[PDB]
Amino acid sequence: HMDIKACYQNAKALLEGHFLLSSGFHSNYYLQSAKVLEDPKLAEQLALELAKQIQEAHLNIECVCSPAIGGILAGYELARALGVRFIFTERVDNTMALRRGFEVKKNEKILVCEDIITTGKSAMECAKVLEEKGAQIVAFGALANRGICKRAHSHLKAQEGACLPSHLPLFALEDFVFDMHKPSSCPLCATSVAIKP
């Protein structure tokens, strides 16, 4: 229904250039999700669209959790759209932890939401914190997917670097598949220097 790519493009959330990503791969694009989430009206509309997919799955989500900082707004709007509670994990002494008095009930059905899933590494660190507290991780969610992890309802395949488990669904609005080059085989490196975004 919502034109996802046009939303991100109009918001100037799509940076074109030469970037060294967290996976070690070089790309001609980078996504700045904060440029979309800056607008609560856009964030709500995207979260309502995401919730439709989640509800079709009948997973009985009781709580949405996000790893701080970037995943916070997306997960929070998703929790509002689902009519459930929202909690977040944060890095304390360089390790993911659940603070702020947030508590998890034993076997609480939690969806781990991010603003964007690249490798799914931060989402996995968040899920491990919750599982150790007795929670059941039933799904992963994101507004945008980088085509590294496979999302539900897509004909794309999971790639090298994917960290999310194969037995749990990932729900995302769209796949933002960019050129991914190995650093020793990057065509952009011939013309410019790759910078960390």
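Counting begins at 1, following the sequence as shown.
Higher mean CA temperature factor between 17-25 and 172-180: 17-25, per the PDB entry. The mean Cα B-factor in the deposited entry runs higher for 99-107 than for the other of 99-107 and 72-80.
Of the candidates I116, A123, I87, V92, the deposited coordinates give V92 the top C-alpha B factor. Comparing the C-alpha B-factors of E62, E38, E160, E44 in the entry, the top value falls on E160.
Residue-level temperature factors show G147 in the middle third of its chain, judged at the C-alpha atom. Ranked within its chain, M2 lands in the middle third, by CA B factor from the PDB record. Among the modelled residues of its chain, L164 has a C-alpha B-factor that falls in the middle third, as given in the PDB entry.
In the PDB entry, a CA B factor belonging to the middle third of its chain's modelled residues is recorded for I137. In the PDB entry, a CA B factor belonging to the highest third of its chain's modelled residues is recorded for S154.
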